[PDB]
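Engineer: The structure under discussion is supplied below as structure tokens; questions concerning it will follow.
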Amino acid sequence: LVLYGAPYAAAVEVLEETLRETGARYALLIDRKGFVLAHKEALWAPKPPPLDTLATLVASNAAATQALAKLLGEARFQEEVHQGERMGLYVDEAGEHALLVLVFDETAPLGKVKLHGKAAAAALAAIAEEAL
Amino acid sequence: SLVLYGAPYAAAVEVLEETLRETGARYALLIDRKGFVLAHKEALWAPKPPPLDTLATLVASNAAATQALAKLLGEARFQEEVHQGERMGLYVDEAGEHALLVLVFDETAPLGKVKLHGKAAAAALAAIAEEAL
Amino acid sequence: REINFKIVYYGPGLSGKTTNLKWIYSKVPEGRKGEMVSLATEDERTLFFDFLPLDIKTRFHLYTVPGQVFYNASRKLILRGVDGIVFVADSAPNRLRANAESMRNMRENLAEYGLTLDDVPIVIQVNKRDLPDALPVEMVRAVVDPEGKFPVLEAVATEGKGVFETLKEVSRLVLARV
Ligand SMILES: Nc1nc2c(ncn2[C@@H]2O[C@H](COP(=O)(O)OP(=O)(O)NP(=O)(O)O)[C@@H](O)[C@H]2O)c(=O)[nH]1
Ligand SMILES: [Mg+2]
């Protein structure tokens with residue numbers, strides 16, 4: 001899995017749109033080894049925290065939770081939404097080989113985050129598949 | 001470290017059995033953030049659990065990784081976690097700064113009571129953990 | 001009843017950290033071990049960690065850390081609460097610098113916990129002694145432990161050689177502190 005050329009432009013376009021529709025700061029598409037495949041930042045938002053670090057942590061975490069699922073006779077748990085006082089994080093599988101991450105603050109309405117979150121994941125999944 | 005012996009241990013086990021009664025959960029554990037199973041109890045009615053040590057390293061490392069991400073987002077912590085499959089689920093919450101409450105549950109257990117008593121149990125164990133650090 | 005100890009295996013990519021656990025697991029009798037856990041990528045490079053719990057009432061929790069440089073954020077986490085460390089260095093000429101970076105990396109990570117290399121017992125394993133071009137042991141050792149302040153053991157972890165004595169030695173040191 002490397003995205004380049006047209007598949008890459010396709011993935012970028014899903015991320016910008018998702019960011020516009022939700023009010024989130026950063027949207028990433030990462031592989032299951034933790035490599036960032038593509039990403040976008042909202043022009044209005046601060047310089048992000050370091051995304052290579054973020055991605056690695058997210059991928060490790062996914063390894064652990066897939067392993068907990070398997071240990072309980074489950075295929076997977078569902079998408080995760082982590083929430084603090086102000087910051088949050090949406091993680092969802094975009095196919096077998098990749099994950100979509102959205103990072104958001106208190107102005108991003110959660111309902112929109114989950115709805116568009118889910119659609120981006122599906123969209124990104126399809127771009128990743130048709131790139132093999 | 002965290003010496004969990006004696007009267008704290010007995011109190012801890014008491015909170016775990018009560019929690020299994022109130023919630024309908026299958027397995028309850030108190031683990032430390034390093035991964036060490038400190039106390040555990042099974043619902044008498046429940047099948048044999050999967051290896052408790054495996055389950056405890058996985059949950060410690062899941063808590064550690066999500067806490068690393070909260071930290072890099074400027075946050076002290078994320079909220080308690082519920083993982084949900086088609087049938088099986090986990091509830092993980094903080095038992096003070098050094099430990100975790102883990103509950104494993106199935107389709108028979110009403111999620112609402114899991115969280116409500118999950119939370120109550122976590123705070124009770126924090127209280128016992130602080131007396132034993 | 002039971003005291004618990006955490007042992008971590010540290011060192012550069014491909015130095016043989018996971019192989020040490022695989023050996024140990026294959027020779028400890030059922031009854032003195034639990035099941036081994038590995039979160040590894042598709043190429044069997046460790047992504048999060050390995051975990052192997054064992055008896056010697058004293059319980060040892062052994063972990064491996066992912067060695068690749070860009071997995072630092074998970075490496076950090078795995079050192080939390082560590083009681084003893086096995087640093088597995090590679091013997092290949094072309095990996096000597098990798099060794100040193102990993103050591104500098106281990107001091108950097110411990111310092112975030114407020115710990116120095118004096119605070120945790122550390123055992124140097126020079127692994128891969130079967131390689132045709134194996135660097136002399138004291139060269140590799142001079143790079144990682146410039147002052148000779150850490151025990152050294154030679155190993156070929158793919159064949160078992162050194163695996164258990166390294167384990168005994170770090171064990172010995174962790175108990176001697178308790
Ligand atoms: N010749 C030789 N090969 C070895 C030796 N030890 C390990 N290997 C080989 O080195 C490779 C890497 O071993 P592995 O344990 O996976 O390394 P690691 O330190 O866990 N790497 P990472 O940090 O990416 O998980 C495998 O091919 C393993 O068989 C050794 O002592 N001699
Ligand atoms: Mg490894």
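How things are named: the first chain in the structure tokens is A, the next is B, and so on; residues count from 1 in each chain; ligands count from 1 in the order shown.
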Assign secondary structure with DSSP using the backbone only, and return the residues of region 9-76 of chain B in alpha helix (DSSP H) as a count of residues only.

Structural biologist: 36

Engineer: Taking only C-alpha atoms into account, what are the residues of chain C at most 9 Å from chain B, put as a PyMOL selection string?

Structural biologist: chain C and resi 1+3-4+6+34-37+48+51+53+61+73-74+77-78+80-82

Engineer: Show me which residues line ligand 1, defined as having an atom within 10 Å of a ligand atom where only C-alpha atoms and all ligand atoms count, and present them as a ChimeraX atom specification.

Structural biologist: /C:9-22,38-41,43-50,64-69,71,75,88-92,126-132,134,154-163

Engineer: Find the residues near residue 62 (chain B): any atom within 9 Å, counting only C-alpha atoms, skip ones fewer than 4 places away on the same chain, and give them as number ranges by chain.

Structural biologist: A: 60-65; B: 57-58, 66-67

Engineer: I need the residues from that last selection saved to file as an mmCIF file, in the first residue's frame (with N, CA, C and O atoms), if you can.

Structural biologist:
data_model
loop_
_atom_site.group_PDB
_atom_site.id
_atom_site.type_symbol
_atom_site.label_atom_id
_atom_site.label_comp_id
_atom_site.auth_asym_id
_atom_site.auth_seq_id
_atom_site.Cartn_x
_atom_site.Cartn_y
_atom_site.Cartn_z
ATOM 1 N N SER A 60 -0.389 1.304 16.938
ATOM 2 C CA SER A 60 -0.122 0.385 18.051
ATOM 3 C C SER A 60 -1.418 0.056 18.758
ATOM 4 O O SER A 60 -1.740 -1.116 19.055
ATOM 5 N N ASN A 61 -2.170 1.116 19.038
ATOM 6 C CA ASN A 61 -3.392 0.930 19.739
ATOM 7 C C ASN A 61 -4.304 -0.028 19.000
ATOM 8 O O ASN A 61 -4.948 -0.861 19.627
ATOM 9 N N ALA A 62 -4.327 0.062 17.675
ATOM 10 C CA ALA A 62 -5.199 -0.773 16.884
ATOM 11 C C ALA A 62 -4.740 -2.213 16.953
ATOM 12 O O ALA A 62 -5.565 -3.133 17.001
ATOM 13 N N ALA A 63 -3.435 -2.420 17.011
ATOM 14 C CA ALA A 63 -2.909 -3.768 17.196
ATOM 15 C C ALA A 63 -3.430 -4.381 18.490
ATOM 16 O O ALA A 63 -3.854 -5.528 18.488
ATOM 17 N N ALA A 64 -3.403 -3.617 19.578
ATOM 18 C CA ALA A 64 -3.812 -4.137 20.877
ATOM 19 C C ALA A 64 -5.310 -4.475 20.873
ATOM 20 O O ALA A 64 -5.705 -5.604 21.217
ATOM 21 N N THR A 65 -6.143 -3.514 20.468
ATOM 22 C CA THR A 65 -7.577 -3.735 20.446
ATOM 23 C C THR A 65 -8.022 -4.797 19.456
ATOM 24 O O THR A 65 -8.976 -5.503 19.800
ATOM 25 N N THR B 57 -2.149 -7.670 29.841
ATOM 26 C CA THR B 57 -1.090 -6.882 29.139
ATOM 27 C C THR B 57 -1.703 -6.067 28.010
ATOM 28 O O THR B 57 -1.346 -4.924 27.778
ATOM 29 N N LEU B 58 -2.641 -6.682 27.318
ATOM 30 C CA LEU B 58 -3.337 -6.027 26.237
ATOM 31 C C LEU B 58 -4.082 -4.785 26.694
ATOM 32 O O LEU B 58 -3.909 -3.718 26.131
ATOM 33 N N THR B 66 -3.553 5.003 24.696
ATOM 34 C CA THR B 66 -4.575 6.047 24.551
ATOM 35 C C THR B 66 -4.285 7.196 25.472
ATOM 36 O O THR B 66 -4.503 8.350 25.126
ATOM 37 N N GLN B 67 -3.739 6.908 26.634
ATOM 38 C CA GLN B 67 -3.227 7.988 27.461
ATOM 39 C C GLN B 67 -2.037 8.761 26.826
ATOM 40 O O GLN B 67 -1.913 9.974 27.055
#

Engineer: Distance limit 9 Å, atoms considered: only C-alpha atoms. Which chain A residues sit that close to chain C? Return them as a PyMOL selection string.

Structural biologist: chain A and resi 32-34+52-54+56-57+59-61+63-64+67

Engineer: Pick from A:25, A:39, A:76, A:70: nearest to chain B, with only C-alpha atoms counted?

Structural biologist: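 Ranking A:25, A:39, A:76, A:70 by distance to chain B, first place goes to A:76.
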
Engineer: Output as a PyMOL selection string all residues of chain A that backbone DSSP marks as strand (DSSP E).

Structural biologist: chain A and resi 26-31+36-41+80-83+88-93+98-104

Engineer: Given only C-alpha atoms as the basis, pick out the residue of A:121, A:75, A:91, A:126 nearest to chain B.

Structural biologist: A:75

Engineer: Check the smallest atom-to-atom distance from each of C:96, C:175, C:111, C:86 to residue 152 (chain C) using only C-alpha atoms, then report the winner.

Structural biologist: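 Among C:96, C:175, C:111, C:86, it is C:86 that comes nearest to residue 152 (chain C).
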
Engineer: Got a sec: who's within 7 Å of region 11-17 of chain A, counting only C-alpha atoms, leaving out chain neighbours fewer than 5 positions off, as a list in words?

Structural biologist: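 Using only C-alpha atoms, the neighbours found are residues 27, 38, 39, 40, 120, 124 and 127 of chain A.
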
Engineer: Pick out the chain B residues within 10 Å of chain A. Count only C-alpha atoms. Give them as a ChimeraX atom specification.

Structural biologist: /B:49-51,54-70,72-90,104-106

Engineer: Keeping only C-alpha atoms, write the selected residues as a CSV table (one decimal), in the first residue's frame.

Structural biologist:
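Contents of selection-v9.csv, freshly written:
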chain,number,residue,atom,x,y,z
B,49,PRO,CA,-11.9,-17.0,31.0
B,50,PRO,CA,-9.3,-16.5,28.4
B,51,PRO,CA,-5.7,-16.3,29.8
B,54,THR,CA,-2.7,-12.0,28.1
B,55,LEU,CA,-5.9,-10.0,28.7
B,56,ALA,CA,-4.2,-7.8,31.3
B,57,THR,CA,-1.1,-6.9,29.1
B,58,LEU,CA,-3.3,-6.0,26.2
B,59,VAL,CA,-5.5,-3.8,28.3
B,60,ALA,CA,-2.6,-2.1,30.1
B,61,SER,CA,-1.0,-1.4,26.7
B,62,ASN,CA,-4.3,-0.1,25.3
B,63,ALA,CA,-4.6,2.2,28.3
B,64,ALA,CA,-1.0,3.3,27.9
B,65,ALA,CA,-1.3,4.1,24.2
B,66,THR,CA,-4.6,6.0,24.6
B,67,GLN,CA,-3.2,8.0,27.5
B,68,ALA,CA,-0.1,8.8,25.3
B,69,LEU,CA,-2.5,10.3,22.7
B,70,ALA,CA,-4.5,12.2,25.2
B,72,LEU,CA,-0.2,14.7,23.0
B,73,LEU,CA,-3.5,16.3,22.4
B,74,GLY,CA,-3.1,18.6,25.5
B,75,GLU,CA,-5.5,16.5,27.6
B,76,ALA,CA,-4.8,14.9,31.1
B,77,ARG,CA,-6.9,11.9,30.1
B,78,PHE,CA,-9.6,10.4,27.8
B,79,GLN,CA,-12.9,9.1,29.3
B,80,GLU,CA,-13.4,5.5,30.4
B,81,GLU,CA,-13.4,3.0,27.5
B,82,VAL,CA,-16.0,0.6,26.3
B,83,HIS,CA,-15.2,-1.8,23.5
B,84,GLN,CA,-18.1,-3.5,21.9
B,85,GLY,CA,-18.4,-6.5,19.7
B,86,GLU,CA,-21.5,-8.3,18.3
B,87,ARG,CA,-21.7,-10.3,21.6
B,88,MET,CA,-18.6,-9.7,23.9
B,89,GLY,CA,-17.5,-6.3,25.5
B,90,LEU,CA,-14.9,-4.7,27.8
B,104,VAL,CA,-15.5,-8.5,30.7
B,105,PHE,CA,-19.1,-8.9,29.7
B,106,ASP,CA,-21.5,-10.5,27.2

Engineer: Near residue 148 (chain C), within 12 Å and counting only C-alpha atoms, which residues show up once chain neighbours fewer than 3 positions away are dropped, as a list in words?

Structural biologist: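 Near neighbours after the sequence-gap exclusion: residues 122, 123, 124, 138, 139, 140, 141, 142, 143, 144, 145, 151 and 152 of chain C.
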
Engineer: Store the residues picked out above in a file with C-alpha atoms, as a JSON list (two decimals), in the first residue's frame.

Structural biologist:
[["chain", "number", "residue", "atom", "x", "y", "z"],
["C", 122, "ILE", "CA", 21.39, -3.33, 32.64],
["C", 123, "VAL", "CA", 22.94, -6.35, 30.98],
["C", 124, "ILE", "CA", 24.62, -6.09, 27.60],
["C", 138, "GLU", "CA", 35.03, -5.48, 22.98],
["C", 139, "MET", "CA", 34.64, -3.13, 19.96],
["C", 140, "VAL", "CA", 30.85, -3.51, 20.04],
["C", 141, "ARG", "CA", 31.08, -3.25, 23.80],
["C", 142, "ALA", "CA", 33.22, -0.09, 23.69],
["C", 143, "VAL", "CA", 30.53, 1.65, 21.61],
["C", 144, "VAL", "CA", 27.59, 0.79, 23.87],
["C", 145, "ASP", "CA", 29.24, 0.56, 27.31],
["C", 151, "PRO", "CA", 27.92, -7.10, 32.51],
["C", 152, "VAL", "CA", 28.50, -8.54, 29.00]]
